[PDB]
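Heads up, the chain shows up twice below as structure tokens, two forms, tagged structure 1 and structure 2.
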Structure 1
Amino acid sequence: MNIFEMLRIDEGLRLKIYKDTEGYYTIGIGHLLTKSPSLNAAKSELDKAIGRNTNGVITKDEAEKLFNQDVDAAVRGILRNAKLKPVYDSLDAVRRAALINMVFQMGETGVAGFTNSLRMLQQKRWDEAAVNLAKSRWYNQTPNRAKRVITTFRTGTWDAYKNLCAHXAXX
């Protein structure tokens, strides 16, 4: 598998505008539309992004398009950052996806704040990395996700994402 499939497991999906739990209007695979509390503003942003009158509803293709751009944008954030880029460069492709995941979640600045863990990853110290990453606020607030990402860093394998089953809670 790869980063795209990985983030699809960790992010979920909406084809219609949704006010998420942090009080943001959102759509697609974790695509932020606006911090504004106005649904109309969310719609304006969405309509401008897609190039049509959506009324807050988009197709899978449109969701996938926003997704591909958001993944590229996370890579650009990595490469622009003095702390993240070297690490990214040193990593194999499996562990790179784990890092894109984190940035996609919390932004380059947030990920660049994991100073020691980033150092351990550069230095190929995989178990110490994992232990250190698990000490974070990130890990306390989104543990199911953080465990999978951390495991991927630890092993360099896709094991944490293999053989997962859905349990409803949508459709």
Structure 2
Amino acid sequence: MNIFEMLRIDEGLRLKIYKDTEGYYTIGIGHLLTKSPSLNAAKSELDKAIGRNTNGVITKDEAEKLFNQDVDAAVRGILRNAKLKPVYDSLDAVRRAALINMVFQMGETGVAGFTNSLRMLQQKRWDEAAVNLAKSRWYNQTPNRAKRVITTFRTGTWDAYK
């Protein structure tokens, strides 16, 4: 198990534009296109992201390219953020993947706002961090995925993904 396989489990793979859990146009492996309600706006984002006229359908290789870029962007965003980088640096490799997963789903700014959870993770108070992470819109709206990510932070194992 690794961050790519973990996110593939959590995000799935679809090759045509569809709406994510928040109702936002998405493609591939959880590649958010736009929060706009305009499908045309989402298709333009897709064409710009892929570099060709797509009219809403991509290949698996194209989906995997966006996914690679998106995982890279999540790590890059953690490392450039003054609140996330110290937490990331303090974690082991499994829990680092759990933090990348959150940033992939919610964005750098969203995760960096979890001030109290981040402090408990930096303190390595894993059960307390897990309880605190569940007191969130994130957990309430995607509880099964959040439970998997939280179990990864709690245990430092891949038990929730195997």
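For clarity, a rigid core is taken as the largest C-alpha set superposing within 1.5 Å between two forms. Throughout, residue numbering runs from 1 along the sequence of structure 1.
Quiz prompt | Rigid-core-referenced C-alpha movement of 2 Å or more between the two structures, selected from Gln123, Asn55, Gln141, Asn116 | solution = None of the others reach 2 Å, which leaves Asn55.
Quiz item: Through what angle, in whole degrees, does the smaller rigid part rotate relative to the larger one between the two structures?
Solution: So the smaller part swings through 12 degrees relative to the larger one.
Quiz item: What Cα shift, in Å, does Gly12 show between the two structures once the core is superposed?
Solution: Once the two forms are fitted on their core, the shift reads 1.1 Å.
Quiz prompt | Cα shift between the two structures at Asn68, which is computed once both forms share a superposed rigid core (Å) | solution = C-alpha shift for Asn68: 0.5 Å.
Exercise. Determine, in Å, the CA shift of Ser44 between the two structures after the rigid core is used for superposition.
Key: C-alpha shift for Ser44: 3.5 Å.
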